[PDB]
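Protein sequence lines correspond, in order, to chains C, B, A, b, c and a. Going by the entry's author numbering, the letters in the first sequence line up with residues 59 to 208, 213 to 249, in that order. Going by the entry's author numbering, the letters in the second sequence line up with residues 59 to 208, 213 to 249, in that order. Going by the entry's author numbering, the letters in the third sequence line up with residues 59 to 208, 213 to 249, in that order. Going by the entry's author numbering, the letters in the fourth sequence line up with residues 272 to 320, 331 to 415, in that order. Going by the entry's author numbering, the letters in the fifth sequence line up with residues 272 to 320, 331 to 415, in that order. Going by the entry's author numbering, the letters in the sixth sequence line up with residues 272 to 320, 331 to 415, in that order. For each residue, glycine too, the CB sits at the ideal point set by N, CA and C.
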Amino acid sequence: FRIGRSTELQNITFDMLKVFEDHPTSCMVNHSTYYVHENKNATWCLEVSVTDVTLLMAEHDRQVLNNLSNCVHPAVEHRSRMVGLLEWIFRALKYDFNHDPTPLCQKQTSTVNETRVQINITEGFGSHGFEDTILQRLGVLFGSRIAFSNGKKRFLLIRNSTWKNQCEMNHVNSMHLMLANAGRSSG
Amino acid sequence: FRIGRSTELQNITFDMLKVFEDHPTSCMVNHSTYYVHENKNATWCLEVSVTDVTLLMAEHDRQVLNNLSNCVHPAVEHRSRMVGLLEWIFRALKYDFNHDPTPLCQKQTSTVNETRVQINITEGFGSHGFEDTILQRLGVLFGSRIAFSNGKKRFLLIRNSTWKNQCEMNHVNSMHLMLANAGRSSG
Amino acid sequence: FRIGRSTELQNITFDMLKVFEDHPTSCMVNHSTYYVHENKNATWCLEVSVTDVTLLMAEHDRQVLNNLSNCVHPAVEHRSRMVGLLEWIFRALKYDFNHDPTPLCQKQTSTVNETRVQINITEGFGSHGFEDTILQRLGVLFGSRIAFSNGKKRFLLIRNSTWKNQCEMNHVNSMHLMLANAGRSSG
Amino acid sequence: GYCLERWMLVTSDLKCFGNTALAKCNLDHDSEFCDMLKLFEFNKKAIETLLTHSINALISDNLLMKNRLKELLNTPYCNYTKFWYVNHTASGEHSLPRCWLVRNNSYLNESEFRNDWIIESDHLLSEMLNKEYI
Amino acid sequence: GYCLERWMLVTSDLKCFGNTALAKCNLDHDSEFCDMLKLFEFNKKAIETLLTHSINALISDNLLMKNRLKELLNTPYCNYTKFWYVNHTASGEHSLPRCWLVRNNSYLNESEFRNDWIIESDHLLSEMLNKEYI
Amino acid sequence: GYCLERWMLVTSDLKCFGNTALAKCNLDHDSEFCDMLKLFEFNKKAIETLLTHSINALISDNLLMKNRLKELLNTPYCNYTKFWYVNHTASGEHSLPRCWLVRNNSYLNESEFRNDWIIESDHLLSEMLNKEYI
Ligand SMILES: *[C@@H]1O[C@H](CO)[C@@H](O[C@@H]2O[C@H](CO)[C@@H](O[C@@H]3O[C@H](CO[C@H]4O[C@H](CO)[C@@H](O)[C@H](O)[C@@H]4O)[C@@H](O)[C@H](O[C@H]4O[C@H](CO)[C@@H](O)[C@H](O)[C@@H]4O)[C@@H]3O)[C@H](O)[C@H]2NC(C)=O)[C@H](O)[C@H]1NC(C)=O
Ligand SMILES: *[C@@H]1O[C@H](CO)[C@@H](O[C@@H]2O[C@H](CO)[C@@H](O[C@@H]3O[C@H](CO[C@H]4O[C@H](CO)[C@@H](O)[C@H](O)[C@@H]4O)[C@@H](O)[C@H](O[C@H]4O[C@H](CO)[C@@H](O)[C@H](O)[C@@H]4O)[C@@H]3O)[C@H](O)[C@H]2NC(C)=O)[C@H](O)[C@H]1NC(C)=O
Ligand SMILES: *[C@@H]1O[C@H](CO)[C@@H](O[C@@H]2O[C@H](CO)[C@@H](O[C@@H]3O[C@H](CO[C@H]4O[C@H](CO)[C@@H](O)[C@H](O)[C@@H]4O)[C@@H](O)[C@H](O[C@H]4O[C@H](CO)[C@@H](O)[C@H](O)[C@@H]4O)[C@@H]3O)[C@H](O)[C@H]2NC(C)=O)[C@H](O)[C@H]1NC(C)=O
Ligand SMILES: *[C@@H]1O[C@H](CO)[C@@H](O[C@@H]2O[C@H](CO)[C@@H](O[C@@H]3O[C@H](CO[C@H]4O[C@H](CO)[C@@H](O)[C@H](O)[C@@H]4O)[C@@H](O)[C@H](O[C@H]4O[C@H](CO)[C@@H](O)[C@H](O)[C@@H]4O)[C@@H]3O)[C@H](O)[C@H]2NC(C)=O)[C@H](O)[C@H]1NC(C)=O
Ligand SMILES: *[C@@H]1O[C@H](CO)[C@@H](O[C@@H]2O[C@H](CO)[C@@H](O[C@@H]3O[C@H](CO[C@H]4O[C@H](CO)[C@@H](O)[C@H](O)[C@@H]4O)[C@@H](O)[C@H](O[C@H]4O[C@H](CO)[C@@H](O)[C@H](O)[C@@H]4O)[C@@H]3O)[C@H](O)[C@H]2NC(C)=O)[C@H](O)[C@H]1NC(C)=O
Ligand SMILES: *[C@@H]1O[C@H](CO)[C@@H](O[C@@H]2O[C@H](CO)[C@@H](O[C@@H]3O[C@H](CO[C@H]4O[C@H](CO)[C@@H](O)[C@H](O)[C@@H]4O)[C@@H](O)[C@H](O[C@H]4O[C@H](CO)[C@@H](O)[C@H](O)[C@@H]4O)[C@@H]3O)[C@H](O)[C@H]2NC(C)=O)[C@H](O)[C@H]1NC(C)=O
Ligand SMILES: *[C@@H]1O[C@H](CO)[C@@H](O[C@@H]2O[C@H](CO)[C@@H](O[C@@H]3O[C@H](CO[C@H]4O[C@H](CO)[C@@H](O)[C@H](O)[C@@H]4O)[C@@H](O)[C@H](O[C@H]4O[C@H](CO)[C@@H](O)[C@H](O)[C@@H]4O)[C@@H]3O)[C@H](O)[C@H]2NC(C)=O)[C@H](O)[C@H]1NC(C)=O
Ligand SMILES: *[C@@H]1O[C@H](CO)[C@@H](O[C@@H]2O[C@H](CO)[C@@H](O[C@@H]3O[C@H](CO[C@H]4O[C@H](CO)[C@@H](O)[C@H](O)[C@@H]4O)[C@@H](O)[C@H](O[C@H]4O[C@H](CO)[C@@H](O)[C@H](O)[C@@H]4O)[C@@H]3O)[C@H](O)[C@H]2NC(C)=O)[C@H](O)[C@H]1NC(C)=O
Ligand SMILES: *[C@@H]1O[C@H](CO)[C@@H](O[C@@H]2O[C@H](CO)[C@@H](O[C@@H]3O[C@H](CO)[C@@H](O)[C@H](O)[C@@H]3O)[C@H](O)[C@H]2NC(C)=O)[C@H](O)[C@H]1NC(C)=O
Ligand SMILES: *[C@@H]1O[C@H](CO)[C@@H](O[C@@H]2O[C@H](CO)[C@@H](O[C@@H]3O[C@H](CO)[C@@H](O)[C@H](O)[C@@H]3O)[C@H](O)[C@H]2NC(C)=O)[C@H](O)[C@H]1NC(C)=O
Ligand SMILES: *[C@@H]1O[C@H](CO)[C@@H](O[C@@H]2O[C@H](CO)[C@@H](O[C@@H]3O[C@H](CO)[C@@H](O)[C@H](O)[C@@H]3O)[C@H](O)[C@H]2NC(C)=O)[C@H](O)[C@H]1NC(C)=O
Ligand SMILES: *[C@@H]1O[C@H](CO)[C@@H](O[C@@H]2O[C@H](CO)[C@@H](O)[C@H](O)[C@H]2NC(C)=O)[C@H](O)[C@H]1NC(C)=O
Ligand SMILES: [K+]
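Below, the structure written as structure tokens:
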């Protein structure tokens, strides 16, 4: 590009796949659904969705009270690594387990083969301002404009799923996820 | 101003009233008294004062335990907007309702027509270091040197009052108040 | 140093002893042991050590529950100043007394003449991620690489000792300690 | 270049800033004049077509905090009202405006920051020379 | 100078950057190109001989956050893929690459940041002139 | 200009820095030499007439934290003791001192940051040229 008689405008495009291939990354399918993947070789991903519908009931389901690891079935060979990725997501969301609304997870006897973690982000259930903080964190972590987008119940659901390439990899979501979880390993 | 043979020193002064006219602002009467105003059109302001005297007693007054909205009378037509401004002030002070001293507010049957929110910032009542944090936050938010200024108990009292032009508007206090409350609206 | 025909590389070395002589400072003997000193004239220092061994038992020892000051014996003439330095260390470590593992301290009737404050930073005792945060804070505050260095229980012991010039003063550890405790004095 | 509107300035005289200086706002540097221009641009776009959601992007929080910390310590600080720039009168080329520091509820005298406008003036002249050589 | 490897760039053509521009990364300025080069250097050293422990040093968190907040507001932001530099073809000396801003899922047109590449070009030429005089 | 006192420096030699370089501290840039000078000025004012209340203003916390993170990673960092500046001997005009980086408990050799002092020298000479033309 001719800036001047002797000067040219030049560009270089960066390929960061190899640098970020073995580290947790994130995507955005739409402003509601996001997939978190530890690395390319993993066949399992985690789906974070902002949903109006309720999937877990307090009466019939388990509650996350310092026992998040029990939400994942012992039989899966990636149980520890899955729980690690869940902790990566929660730490990335700046979640305070002491005071923020108690997450619910699926009953141990559930027929369905997905671990479901449900957080109630409705204004009434949470302390004032929690929905705003959580939505802004979702935008900061996944690139969504859900916070800017306009009583309806709102929930944050993290379910495990098979990696079927639901999203193109983004190394900036990877940088955000890594910065939130600094000096840590999956576990 | 004549800097040199060909160079002049020139200045431009900014009028930022119109940018900040419809957004919450703050001022400083003295290092103790501060007025928080939602916008020029509002006829009601909130007075934050650091006072030695005690206005609310635990035995005869109400305590703010997740029910701040009840401190403002239902009959006032700006009740929700007033509670919103109160939440703006508390969030601006980085108040942690879970652990920081329990605010006291006036009894429902009080003859006086002021909503009074009293926070005990004395060293004995609060956990160690709370008085320092609160005074530094007051200086950061209102421009006061109260923290630098030198057992006497202290209280932080937020009462509602009629806007009588007690102080000139400052758009830097407005910037500080907005930065503390980011992505939020009165409510 | 001769950079060029007309240019020389020149240096100035800073002596910051006098600036930092009367303010709390810290040093690092090895990646485990650290000495915190109030000032040159103090004859007492505080030893922060990361130790596998257990010195305090919950059954026979006292627990720090809003009464850290009682851990130091009343007869020592610098007890308030010692407690102030302890609060400096805890604040520098970003310790959350409300939720982080309860510190233990020596029994009042102990024959040994040293105040011992024991924090259990083993992963099992604390909430998930606490050991990582505490080790990273120790590296940030004392210059240690303990976090990077690789079930064995881990403890953080703060004991008082006589200042025997165990380490050379470092004004960068002094800057870190002061930045952590900003707008406060020993007490 | 970028012409400021009448209501923006107290003086009520049109002030048009050239694109090179205003281009210097896009650099890594966080300024106080650039923040105010971003606020003015946001307000203009809002009028044509929300400040709480954009306040973090428009304003540098760290710079605001350091300026206030200077204020509380009776050190010259930037209170975001007046900004000084070096304007080569003949050509019209000017430096990027910098905050007129204030101490003890009074704007600093011109001498009190003389070096700041001295060196800045020199830089501007130097750049002009290069334009002639280039 | 610093030659980027084939796998680093999509183009697969060797790009060697002169030490003066790359030296400008060591300055106080926090950049997006310099961060990416730091990531590449860390990856190279790791291959020769951990990213979670070094991510804070390698990446500027504040700059990443401000870029994303620009993204969410439909403002031109840096998404860390493409970087533009001014390269004096005859001598081969070039400016430090700057992030090619993106808005609305499309890279900004060259005209849309014209001033940015105009002034950089001028600065580069000016520096070259001094080298002749020096 | 600004003359450092005998006790400030280990050399115990009177080192006077010209006002242009010291003026560069007032810019947006956060430095390590400028922070140390601010600490010295605060100490002098305290002697004439508190450090905990002013530490945030005097010291850049972010720069200190990034230097510590470099230290923990066995990367060259600034430990706030030695500072290198380029000093044109004949005129006496000098660049703003920059931190002499240290790695593995040893100061970097002059060659290990050669580019850093090369470009600064060039920049200094360039400025001097303009002063002759201006
Ligand atoms: C993480 O850990 C938490 C700990 O809180 C677990 O939550 C508990 O789960 C247990 C089952 O493991 C449930 O306990 C139930 O308590 C009922 C009575 O409790 C009353 O009081 C508590 C508060 O004290 C209330 O929460 C509760 O609603 C009641 O009012 C019993 O009715 C239940 O009995 C059921 O199970 C037994 C077998 O154990 C059968 O015999 C009964 O017929 C009946 O089916 C039961 O004991 C309860 O859900 C939780 N209790 C508390 C105190 O929180 C999470 O399960 C765990 N989650 C994960 C993911 O690991
Ligand atoms: C997302 O996370 C979910 C967890 O919620 C995973 O789904 C679980 O997957 C595991 C396998 O890793 C399943 O466990 C297996 O279930 C089989 C059938 O379940 C029956 O088990 C007995 C059979 O009598 C009865 O209770 C009942 O009929 C159940 O339906 C078992 O046959 C398997 O047993 C085999 O493995 C174990 C472990 O080695 C051996 O001991 C056995 O001998 C045998 O070889 C096994 O238990 C589990 O059922 C699934 N979840 C749920 C809730 O049922 C997903 O895989 C995961 N997805 C991703 C993509 O990560
Ligand atoms: C926000 O919500 C909190 C919830 O705690 C409210 O605080 C309660 O307010 C009610 C009135 O609305 C009061 O309840 C009183 O409880 C007394 C006994 O409580 C003792 O123990 C608690 C600790 O658990 C202490 O906090 C308390 O001071 C007492 O020591 C009763 O003796 C009182 O009875 C009085 O009223 C009844 C009529 O209701 C009469 O019949 C009696 O004779 C007597 O006059 C009363 O029931 C009390 O103030 C608070 N209680 C508790 C448990 O916290 C806040 O008021 C509310 N604030 C706002 C702004 O909405
Ligand atoms: C700062 O915040 C305070 C609240 O703490 C506000 O003061 C309140 O102002 C409201 C105005 O809306 C007052 O409400 C009105 O009070 C009148 C008198 O109250 C009496 O009510 C009954 C009457 O017997 C008795 O309990 C007793 O005598 C009380 O003194 C009433 O006349 C009003 O009622 C009218 O309006 C309502 C609603 O429209 C109708 O239902 C009625 O029929 C009637 O028309 C009304 O209730 C309130 O009393 C004040 N608080 C207190 C504690 O007295 C301040 O205004 C506020 N300041 C600013 C600047 O915003
Ligand atoms: C800071 O403040 C904390 C407050 O928590 C102090 O901790 C208490 O210390 C006291 C002694 O001062 C101890 O209390 C002991 O309690 C036992 C029974 O308590 C049961 O229940 C509590 C919880 O409610 C459990 O923690 C506890 O383990 C028991 O299950 C008694 O057995 C003890 O009696 C002993 O002392 C009495 C004299 O007072 C003798 O007569 C007895 O024979 C016996 O020796 C005793 O009362 C206990 O350690 C703590 N209690 C609680 C509730 O936490 C810290 O000491 C204090 N620390 C500092 C540094 O100041
Ligand atoms: C690190 O912190 C520890 C505290 O944990 C300090 O050690 C304490 O040092 C103080 C010095 O002030 C000691 O207090 C003195 O102890 C002497 C012996 O204690 C005995 O007390 C009675 C006597 O029968 C019995 O219970 C038993 O025998 C004890 O062994 C006393 O002689 C002293 O009393 C004298 O002074 C007091 C006050 O002035 C007078 O009232 C008395 O009349 C008398 O003149 C005094 O109490 C204390 O004992 C030490 N702690 C422990 C646990 O033993 C370290 O000094 C500190 N290190 C640094 C470097 O600061
Ligand atoms: C920073 O922001 C820029 C935007 O300016 C991003 O660059 C774009 O990246 C996207 C990927 O998200 C690129 O789109 C992909 O292009 C591939 C090339 O095939 C197309 O080539 C050209 C278009 O450039 C067409 O002529 C041709 O017909 C092809 O369409 C495709 O292989 C990709 O297809 C994938 O996605 C589609 C989605 O529908 C699927 O159907 C496919 O199966 C497949 O999965 C895709 O279209 C785009 O070209 C880039 N733009 C430019 C201008 O280069 C950066 O990625 C972004 N970086 C970060 C880190 O956020
Ligand atoms: C920033 O980082 C630099 C490293 O590049 C530090 O500078 C070094 O500081 C250390 C102190 O930690 C200096 O070492 C001390 O040198 C003194 C001078 O005596 C020696 O002089 C030369 C070596 O320079 C030799 O020829 C001679 O024989 C002596 O050995 C000694 O007095 C000191 O000894 C002290 O420590 C030893 C430890 O074993 C004890 O035995 C002694 O009794 C005594 O306590 C010490 O050796 C070193 O010289 C500095 N390096 C340089 C290149 O100047 C900065 O301090 C650091 N700054 C910050 C703020 O972190
Ligand atoms: C998630 O949080 C939301 C918000 O708190 C919960 O919805 C709330 O559910 C309660 C009942 O548990 C509702 O209270 C009821 O209100 C009606 C009048 O609307 C009243 O007649 C009943 O007696 C009862 O008080 C409340 O209105 C409702 N709020 C909203 C905004 O829908 C929801 O239950 C939580 N879900 C889970 C799975 O935890
Ligand atoms: C705000 O907090 C302060 C400080 O915690 C409270 O003052 C405290 O009031 C209590 C009374 O409940 C005092 O306790 C009494 O102290 C005297 C000693 O002077 C003693 O004779 C009594 O037996 C009793 O222990 C306490 O000393 C006092 N603290 C201080 C530092 O003065 C104040 O009451 C709180 N205000 C409100 C409105 O709650
Ligand atoms: C500091 O925290 C660690 C970790 O939480 C504590 O070690 C824990 O000690 C308990 C005993 O109270 C151990 O429980 C026992 O474990 C064995 C299995 O080895 C079992 O036979 C017993 O029935 C009982 O469950 C626990 O395993 C152990 N945890 C670890 C990770 O080693 C330690 O005691 C704490 N220190 C202090 C001074 O409190
Ligand atoms: C920093 O500069 C000092 C001078 O202030 C240098 O020390 C001199 O080194 C020369 C060359 O060996 C000796 O002739 C002088 O006697 C030294 N002077 C003093 C006061 O020691 C020193 O080399 C420089 N420091 C470095 C490069 O780390
Ligand atoms: K808490």
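Is it buried or exposed for residue 176(A), if we count other Cβ within 10 angstroms and need 16 for buried?
Residue 176(A) comes out buried.
Simplified DSSP state of residue 194(A), which is helix, strand or coil:
In the structure shown, the three-state DSSP call for residue 194(A) is helix.
Could you list which residues in chain c have their beta carbon closer than 8 Å to that of residue 370(a), in chain order?
Per Cβ cutoff of 8 Å: no residues; residue 370(a) is ~16 Å from chain c at best.
From 288(c), 312(c), 332(c), residue whose alpha carbon lies closest to that of residue 272(c)
Selected option, being the one with the closest Cα: 288(c).
Regarding residue 144(B) and ligand 3, is the C-beta to nearest heavy atom distance less than 7 Å?
Remark: the C-beta of residue 144(B) is outside contact range of ligand 3, defined as less than 7 Å to any heavy atom.
Taking Cβ-Cβ distances shorter than 8 Å, what residues in chain A pair up with residue 149(C)?
Correct list: 187.
Would you say the segment 369–388 of chain c touches the segment 80–89 of chain B, given that touching needs at least three Cβ pairs under 8 Å?
Because the criterion of three Cβ pairs below 8 Å is not met, the segment 369–388 of chain c and the segment 80–89 of chain B do not touch.
Got a sec: which bits of the segment 72–106 of chain B sit with their beta carbon under 8 Å from any beta carbon on chain b, in order along the chain?
Residues of the segment 72–106 of chain B with a C-beta less than 8 Å from any C-beta of chain b: 72, 73, 74, 76, 77, 81, listed in chain order.
Buried or exposed (CB count within 10 angstroms, at least 16 for buried), residue 213(B):
Taking a 10 Å sphere around the C-beta of residue 213(B), we find fewer than 16 other C-beta atoms and assign the residue as exposed.
Neighbourhood of residue 189(A) by C-beta distance below 6 Å, restricted to the same chain and skipping five residues each side
Here residue 189(A) has 179, 181 as same chain residues with Cβ atoms under 6 Å from its own Cβ, once five neighbours each way along the sequence are excluded.
Run the proximity test for residue 160(B): is its beta-carbon closer than 7 Å to any non-hydrogen atom belonging to ligand 10?
Ligand 10 has no heavy atom closer than 7 Å to the beta-carbon of residue 160(B).
What is the C-beta distance between residue 286(c) and residue 275(c), in whole angstroms, given that I count them as a contact (C-beta under 8 Å)?
Contact flag correct, Cβ pair sits at about 5 Å.
What are the residues of the segment 154–169 of chain C that lie near chain A, defined by any Cβ-Cβ distance shorter than 8 Å?
Flagged, chain order: 155, 156.
Output the boundary residues of the alpha helix (DSSP H) element that contains residue 222(A).
Bounds of any alpha helix (DSSP H) do not take in residue 222(A); it lies within the beta strand (DSSP E) bounded by 217–224.
Does the beta carbon of residue 180(C) fall short of 7 Å from some heavy atom of ligand 9?
Yes, since a heavy atom of ligand 9 falls inside the 7 Å radius drawn around the Cβ of residue 180(C).
For ligand 3, any of its heavy atoms closer than 7 Å to the Cβ of residue 175(B)?
No, ligand 3 has no heavy atom inside 7 Å of this Cβ.
Extent of the continuous alpha helix (DSSP H) to which residue 234(B) belongs:
Counted as a single uninterrupted DSSP element, the alpha helix (DSSP H) harbouring residue 234(B) occupies residues 233–242.
I'd like to know if the segment 159–176 of chain B and the segment 105–123 of chain B are in contact, where contact means that at least 3 CB-CB pairs between them fall below 8 Å.
Contact holds between the segment 159–176 of chain B and the segment 105–123 of chain B, because three or more Cβ pairs, one in each stretch, are under 8 Å apart.
Is any non-hydrogen atom of ligand 2 found closer than 7 Å to the C-beta of residue 89(B), if you look at the structure I gave you?
Checking every heavy atom of ligand 2 against the Cβ of residue 89(B), none is found closer than 7 Å.
Minimum C-alpha distance to residue 339(b) - residue among 246(B), 247(B), 237(B), 248(B):
Just measuring C-alpha positions, the residue of 246(B), 247(B), 237(B), 248(B) sitting nearest residue 339(b) is 237(B).
Would you mind sorting residue 170(C) into buried or exposed? The rule is 16 or more other CB atoms within 10 Å of its CB.
Exposed, by the Cβ-count rule.
Could you work out which residue in 71(B), 241(B), 82(B), 157(B) is closest to residue 124(A) when comparing CA atoms only?
With distances taken between Cα atoms, residue 124(A) lies closest to 157(B).
Three-state secondary structure (DSSP) at residue 109(C)?
Three-state DSSP puts residue 109(C) in a strand.
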